[PDB]
Amino acid sequence: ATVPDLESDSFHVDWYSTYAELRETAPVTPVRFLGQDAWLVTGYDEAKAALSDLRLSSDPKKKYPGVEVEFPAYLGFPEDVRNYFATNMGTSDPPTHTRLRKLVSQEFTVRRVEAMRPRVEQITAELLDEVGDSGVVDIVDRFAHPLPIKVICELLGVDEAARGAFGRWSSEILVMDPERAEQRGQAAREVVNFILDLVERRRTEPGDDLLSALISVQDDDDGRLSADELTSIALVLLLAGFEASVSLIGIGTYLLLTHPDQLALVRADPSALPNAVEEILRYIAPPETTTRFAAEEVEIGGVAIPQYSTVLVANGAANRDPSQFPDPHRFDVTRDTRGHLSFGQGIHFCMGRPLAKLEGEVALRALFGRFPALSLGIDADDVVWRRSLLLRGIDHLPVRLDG
Ligand code: HEM
Ligand SMILES: Nc1cc2ccccc2c2ccccc12
Ligand SMILES: Nc1cc2ccccc2c2ccccc12
């Protein structure tokens, strides 16, 4: 048959329609992406099973005989910077993942996150106070973008002076263009340098932030975090922790604005926002696809995936599986969102889930409440989507504040 290319517009224009078509052809199909053959999983059952089957590694630095592990996400990154991006929990298999996650979960506690709420509401308040009450504004550059950035930067004790710039660095990191590869390798290097310097400043100037906390964590038999592991933990938390949240807010803002029916519900019932945040994740999952490597020949949904293959688990596609989520195309704030694969599934489940939801709820509530007549300042079908299978989102969302 025809091997679909993941670069084609079909996967970037009304893409939830092509997914559903492939999912109906074969839930597990071979594909071409970035110049490598891979397997795309677009079925719910298949995706869940895949995230649970541990023969599929999340480790890109594992060497095997006569083969080269190349996770698409690392398009362009020189080896030394790849290792810096891949020496944490999200890119490690047990037992290392096990000790890495245990040491971090010790400080990255629900307590710490709950003690943040007040500042999160304060930061949220300050931003909206600076927009005014009239005209059109880019809700991304003015709200959805800085809020998450101020939050995680405060969490990791980022020096606000020598802060910023990475915002441009991560923008470039989130798109995998086979030609801008060098620009992608250069951005990645910059990020790694900011972090290396960040921790050293932290190593020298203690504080009671999560990062200084991680620098002093220790355990009986599990041990403590080494330099490389620590610098990598900090990087992933700061990057995957702010960008993914930005998508939550922007997408979430767009969605309600275009589904007045749902906005009214959220607006009347307060207890409806926690669930509204969940349907947002389900409907347009930021982590469009997740990557695994077949360390052994695996069988997914009757299909035998050859050993040493690159498996791309399309979380976003799995969320729209009709046999698991009835009428997957109706954005419904009342729906049962239980079982969606946006925070992951299995052992690599998102550690930051409670901080993510803390932001989603606090942000959206403040926005729609202080601006009861908030409107989308552009044709809905004109909203530009980010061509990223790595992290989907909106980079410019113009809204009118007063009317
Ligand atoms: C809208 C919010 C977010 C979404 C949708 C999200 C999604 C995910 C996904 C899909 C994974 C699993 C990756 C895989 O299976 O390969 C994951 C892992 C992780 N997330 Fe998030 N995440 C979000 C926010 C955060 C935040 C705010 C932080 C931290 C500040 C964070 C930290 C982590 C960490 C440490 C992991 C790796 C855990 C592991 O692999 O054991 N996430 N997240
Ligand atoms: N929070 C996240 C952490 C990750 C850690 C390792 C690899 C991917 C992700 C990831 C991928 C898409 C969305 C969010 C995340
Ligand atoms: N921790 C992450 C590392 C990455 C490294 C290279 C490319 C993308 C990501 C990425 C993309 C989305 C979320 C997290 C990450």
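Residues numbered from 1 in each chain as written, not as in the entry; some residues may be left out. Chains lettered and ligands numbered in written order. Heavy atoms only, no water.

S.K.: Describe the packing of aromatic side chains, with residues and values.
M.R.: Here the structure, examined in full by the defined rule, presents 17 aromatic pairs. Each ring, one from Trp15 and one from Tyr16, has its centre 5.9 Å from the other, and the planes form 40°; the classification is tilted. Judged by its relative accessible area of 5%, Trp15 is buried. Since its relative accessible area comes to 10%, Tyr16 is described here as buried. Centre to centre, the rings of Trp15 and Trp385 are 5.5 Å apart; their planes meet at 85°, and the pair counts as edge-to-face. Of this pair, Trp15 sits in helix α1 (residues 15–25) while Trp385 sits in the loop between β9 (375–376) and β10 (398–400), and the two are 370 residues apart along the sequence. For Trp385, a relative accessible area of 21% gives the class partly exposed. The rings of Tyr64, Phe71, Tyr74, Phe77, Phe85, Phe293 and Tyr308 are connected pair by pair, giving a single aromatic cluster. (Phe/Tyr/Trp six-rings, centres within 6.5 Å; stacked < 30°, edge-to-face > 60°. Buried < 20%, exposed > 50% of the residue type's maximum accessible area, 1.4 Å probe, protein only. Helix = DSSP H or I, 4+ residues; strand = E, 2+ residues; numbered from the N terminus.)

S.K.: Explain the pairing of strand β5 (residues 290–294) residue by residue, including any values.
M.R.: Here β5 lies mainly inside the structure; 5 of its 5 residues are buried. Residues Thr290, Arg292 and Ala294 line one face of β5 and the alternating positions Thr291 and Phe293 line the opposite face, and both faces are buried. Pairing geometry for strand β3 (residues 56–57) and β5, over 2 bridges, is antiparallel. When the bridges of β5 are listed, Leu56 appears paired with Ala294. Judged from the 4 bridges that link them, β5 and strand β8 (residues 310–313) form a sheet pairing that is antiparallel. Paired with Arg292 across the bridge in β8 is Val311. (Pairing = 2+ DSSP bridges.)

S.K.: Requested: an account of the site of ligand 2, with residues and values cited.
M.R.: Near ligand 2 you find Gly90, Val236, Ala240, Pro287 and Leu391, and these make up its full shell. Expressed as a share of its isolated accessible area of 340 Å², the protein-covered part of ligand 2 is 61%. Each residue belonging to the shell around ligand 2 can be placed in one class, and the counts come to 4 nonpolar, 1 polar and no charged. (Near = heavy atom within 4 Å. Areas by Shrake-Rupley, 256 points an atom, 1.4 Å probe, with all protein chains shown as cover. Nonpolar A, V, L, I, M, F, W, Y, C, P; charged D, E, K, R; others polar.)

S.K.: So what about the site of ligand 3? Which residues, and what values?
M.R.: Surveying the vicinity of ligand 3 reveals the residues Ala73, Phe77, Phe85, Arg184, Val236, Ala240 and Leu390. A total of 350 Å² of accessible area belongs to ligand 3 in isolation, and the protein chains cover 80% of it. For the shell around ligand 3, the class distribution of residues is 6 nonpolar, no polar and 1 charged.

S.K.: Break down the sheet that holds β10 for me, with residues and values.
M.R.: Ordered in space as β4-β10-β9, the 3 strands form an open sheet in which the pairing is antiparallel. The open sheet has two edge strands, β4 (136–138) and β9, and neither has a second partner. Summarising the sheet, β9 and β10 pair through 2 bridges and their orientation is antiparallel. Paired with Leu376 across the two strands is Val399, which belongs to β10.

S.K.: Please give an account of the environment of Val69 that cites residues and values.
M.R.: Of note, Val69 is situated in the loop between β3 and α3 (79–85). The sequence separation of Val69 and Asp59 amounts to 10 residues, and the corresponding C-alpha distance is 9.0 Å. Excluding residues within four positions of it along the chain, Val69 makes contact with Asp59, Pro60, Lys62, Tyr64, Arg82 and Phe293. (Contact = heavy atoms within 4.5 Å.)

S.K.: Explain the UniProt feature "binding site: heme" in the protein residue by residue, including any values.
M.R.: Under the UniProt annotation, "binding site: heme" lies at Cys350. Mapped onto the elements, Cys350 comes out in the loop between α15 (315–319) and α16 (353–370). (UniProt positions renumbered as here; feature names shortened; annotations may be inferred.)

S.K.: Go over unusual backbone geometry with me, naming the residues and quoting the values.
M.R.: The step from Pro94 to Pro95 runs through a cis peptide bond, and the omega angle for that step is 0°. Residue placement: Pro95 occurs in the loop between α3 and α4 (96–105). In this structure, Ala165 is a non-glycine residue whose phi angle is positive, near 80°. Within the secondary structure, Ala165 is located in the loop between α8 (146–155) and α9 (166–173). For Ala165, a relative accessible area of 38% puts it in the partly exposed group. At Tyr308, a residue that is not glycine, the phi angle is positive and equals roughly 70°. In this structure, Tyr308 sits in the loop between β7 (303–305) and β8.

S.K.: Provide a residue-level description of the pattern of salt bridges, including the pertinent values.
M.R.: It is possible for side chains bearing opposite charge to pair when their charged atoms get close. Evaluation of the coordinates by the stated rule reveals 27 salt bridges. Overlapping salt bridges bring together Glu279, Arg282 and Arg335 as one network. (Salt bridge = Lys/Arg side-chain N within 4 Å of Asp/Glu carboxyl O.)

S.K.: With reference to specific residues and values, describe the packing of α9 against helix α10 (residues 181–204).
M.R.: Remark: α9 packs on α10, axes separated minimally by 9 Å, with the N-to-C direction vectors making an angle of 140°. Relative to α10, the element α9 lies oblique. Seen from above, α9 lies across α10 with left-handed handedness. For the pair α9 and α10, the contacting residues are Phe166, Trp169, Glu172 and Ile173 in the first and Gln183, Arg184, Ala187, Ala188, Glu190, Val191 and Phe194 in the second. In terms of residue class, the contact of α9 with α10 is built from 7 nonpolar, 1 polar and 3 charged. (Axes fitted to C-alpha atoms, helices over the stretch in contact; angles between N-to-C directions. Parallel < 35°, antiparallel > 145°, perpendicular 65-115°, else oblique. Left-handed = near helix turned anticlockwise from the far one by under 90°.)

S.K.: Explain the sheet that holds β5 residue by residue, including any values.
M.R.: Spatial strand order, β1-β2-β8-β5-β3: 5 strands in an open sheet with mixed pairing. Among the strands making up the open sheet, the edge pair consists of β1 (28–33) and β3. Relative to strand β2 (residues 36–41), β1 runs antiparallel, the two being bridged by 6 bridges. Bridge assignment links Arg32 to a residue of β2, and that residue is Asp37. Most of the contacts of helix α2 (residues 44–52) go to β8, to which it runs at about 125°, and overall it touches β1, β2, β3, β5 and β8.

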